[PDB]
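Just the heavy atoms: all of them, side chains too, but no hydrogens, waters or symmetry mates, feed the values below. Throughout, residue positions are numbered sequentially from 1 according to the sequence presented.
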Amino acid sequence: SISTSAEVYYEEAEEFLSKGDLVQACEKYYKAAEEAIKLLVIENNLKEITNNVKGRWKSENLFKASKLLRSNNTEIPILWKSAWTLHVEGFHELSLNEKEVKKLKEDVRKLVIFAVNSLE
C-alpha cells in the first residue's frame, strides 16, 4: 500500500528518461536495483551477506547477494548484471544510447517487482 524505496527510484528513473536525462535515469535505475536486492536479501533472510554489511552497500555484496538469490529465482543474478551495466557504462562512462538504456532498465523493472512480491 506504500511504495518501496525500489519502486520510488524506478519512477524517478522513468521521469528522467522521459525528459531525456539518460545519465540521471541510469543512476536511478541502478539505485532501484540496489534497493530491490536489499529488500530481497531481507525477505529471504540472508544473514550471510547482512553480516558482511559494515548507508549503501559494497558492490561485491550486491553481486554476492544476486548470486546467492539464484535459488529463489534463477533470473536475478542476470537482471543484476544489467543494473551494473547501467551503473558503469551508463552513469560513469556516459556511453549508452536511449534504446540501450530502455533495454537494460527493463531488466531492472523485473527485478524491482520480484522484490515487491517477496514481501506480500
Side-chain angles (χ1 to χ4, degrees), residues 1-10 12-46 48-53 55-66 68-69 71-96 98 100-119:
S1 62
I2 182 172
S3 304
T4 57
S5 55
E7 292 169 290
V8 178
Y9 276 125
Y10 192 77
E12 304 183 317
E14 296 278 81
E15 285 185 350
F16 282 123
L17 205 192
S18 290
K19 299 171 186 295
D21 197 325
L22 298 166
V23 183
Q24 275 283 289
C26 290
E27 190 38 50
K28 265 78 217 319
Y29 281 120
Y30 179 64
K31 284 182 176 184
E34 180 175 313
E35 299 299 304
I37 297 295
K38 294 181 184 176
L39 191 58
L40 287 167
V41 170
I42 297 302
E43 294 305 303
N44 278 70
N45 199 299
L46 273 46
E48 311 113 64
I49 178 183
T50 38
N51 297 322
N52 205 301
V53 178
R56 302 177 66 173
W57 304 4
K58 295 179 63 181
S59 312
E60 294 86 348
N61 278 297
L62 290 314
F63 274 106
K64 285 197 204 74
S66 61
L68 275 53
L69 291 169
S71 304
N72 173 290
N73 185 294
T74 43
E75 305 192 64
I76 87 283
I78 36 179
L79 275 38
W80 176 250
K81 293 186 182 65
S82 302
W84 186 246
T85 303
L86 278 170
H87 187 208
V88 178
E89 289 172 48
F91 184 60
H92 294 295
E93 286 169 40
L94 323 172
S95 51
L96 284 171
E98 190 245 53
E100 278 125 285
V101 179
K102 294 194 171 182
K103 197 179 298 173
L104 296 163
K105 120 227 197 298
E106 198 52 48
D107 288 328
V108 176
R109 199 209 211 303
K110 199 165 181 184
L111 180 50
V112 173
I113 64 172
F114 278 139
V116 177
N117 278 39
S118 70
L119 291 179

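- At distances below 3.5 Å, not a single donor-acceptor pair connects side-chain atoms of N44 with backbone N or O atoms of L46.
- Minimum interatomic distance between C26 and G90 (heavy atoms only, all atoms of both residues): SG-CA, 4.0 Å.
- Using a 4.5 Å cut-off on side-chain heavy atoms (C-beta onward), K31 and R56 make contact.
- Summarising the geometry, atom CD1 belonging to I2 is positioned 10.0 Å from atom CD belonging to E7; distances are rounded to the nearest 0.5 Å.
- Residues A6 and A32 come closest through the heavy atom pair O-CB, 3.6 Å.
- Contact annotation: the side chain of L111 approaches that of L40 to within less than 4.5 Å [non-hydrogen atoms, C-beta and beyond].
- No continuous path of ILVMFWY side-chain contacts below 4.5 Å connects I37 to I113, so the two sit in separate hydrophobic clusters.
- Classified by interplanar angle (parallel below 30°, tilted 30° to 60°, perpendicular above 60°), the ring pair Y29/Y10 is perpendicular.
- Between the NZ atom in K103 and the OG1 atom in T85 there is a gap of 11.5 Å [rounded to 0.5 Å].
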Could you go through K81 and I78, starting from their C-alpha distance and side-chain angles, then the distance that decides it, and tell me whether this counts as side-chain contact (heavy atoms from CB on, under 4.5 Å)?
CA-CA 5 Å; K81 293 186 182 65; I78 36 179; 3.6 Å; yes
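- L119 contributes atom CG, which lies 4.5 Å from atom CG of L39 (distance to the nearest 0.5 angstrom).
- Side-chain N/O atoms of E35 and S5 include a donor and acceptor closer than 3.5 Å.
- Put simply, CD on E12 and CG on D21 are 12.0 Å apart, with the number rounded to the nearest 0.5 Å.
- Annotation: side chain of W57 is in contact with side chain of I49 (closest heavy-atom distance under 4.5 Å).
- The distance from the CG atom of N61 to the OG atom of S66 is 10.5 Å, given to the nearest 0.5 Å.
- Within the 4.5 Å cutoff, the side chain of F114 has heavy atoms near those of the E75 side chain.
- Under 4.0 Å is where a charged nitrogen must lie from a carboxylate oxygen, and between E34 and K38 at least one such pair does.
- A distance of 10.5 Å separates CG in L22 from CG in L86, rounded to the nearest 0.5 Å.
- With respect to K105, the salt bridge (charged side-chain N to carboxylate O under 4.0 Å, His left out) criterion is satisfied by exactly one of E27, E14, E100, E98: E14.
- The shortest side-chain heavy-atom distance between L96 and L104 falls under the 4.5 Å cut-off.
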